[PDB]
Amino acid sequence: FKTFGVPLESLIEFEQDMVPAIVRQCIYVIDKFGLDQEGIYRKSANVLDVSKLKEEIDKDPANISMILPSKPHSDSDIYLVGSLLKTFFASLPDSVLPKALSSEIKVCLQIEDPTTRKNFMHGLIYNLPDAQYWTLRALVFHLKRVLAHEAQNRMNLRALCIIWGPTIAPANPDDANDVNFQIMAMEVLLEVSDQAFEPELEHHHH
């Protein structure tokens, strides 16, 4: 049972919440230990450390336990988990925003009116199948938390879209080398997330 390089659909049969265990785990680690870490996601962990952890998880899905930072934790273990999460999305056979949405994404990106643009993207998001919908929701909420902590992590919106856009969004169908298409798709996605996805549940009853 492999984790990386397989369709997102095939991973969520185990999960009642429809987000793969590896994605939940990595986000938990960065949420708890990494939101204030300078250069989180901008820092590329050692490719050999990403590979070792990747391969261990592919051998046994129970090895997502290894993603939790062993005590005492180090900066580089946290960087590693960020790079691992990015590699997960990059290794998916299809983009989490599917290639088939390219044309409708192109249409979306020409719309000058912001309200029209976000409602348009909402429609695209609402129509995603479950696996993509719930997984994209978890990742987008996480990335917005990262942005909320910019004063410490020094990640601006555009840097975050350079890092994540080519991983999440499909390429320009009319131009394979245009990096701005995926970057802009990522910005519109972040902008719309407040209205496109239901909020995470609130845990305070004191």
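Quick note: we count residues from 1 along the sequence shown, nothing fancier.
Original post:
Which has higher Cα B-factors on average according to the PDB entry: 80-88 or 101-109?
Top reply: Taking the mean C-alpha B-factor of 101-109 and of 80-88, the larger value falls to 101-109.
**OP:** For the higher mean C-alpha B factor in the entry, choose 67-75 or 128-136.
**Re:** For C-alpha atoms only, the mean B-factor is higher in 67-75.
Subject >> Entry-reported Cα temperature factor of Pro93, expressed as the chain third it lands in >> reply: Its C-alpha B-factor belongs to the middle third of this chain's values.
**OP:** Among all modelled residues of this chain, ranked by Cα B factor, put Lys43 in the bottom, middle or top third, i.e. lowest, middle or highest.
**Re:** Middle third - that is where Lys43 ends up once the chain's C-alpha B-factors are sorted.
**OP:** Report the third (lowest, middle or highest) to which the CA temperature factor of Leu189 belongs, ranking only the modelled residues of the same chain.
**Re:** Ranked within chain, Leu189 CA B lands in the middle tercile.
Original post:
Against its chain's modelled residues, does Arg158's Cα B factor rank lowest, middle or highest third?
Top reply: As the PDB entry reports it, the C-alpha B-factor of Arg158 lands in the middle third of its chain.
**OP:** Name the third of the chain's ranked CA B-factors that contains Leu53, choosing lowest, middle or highest.
**Re:** It falls in the middle third of the chain.
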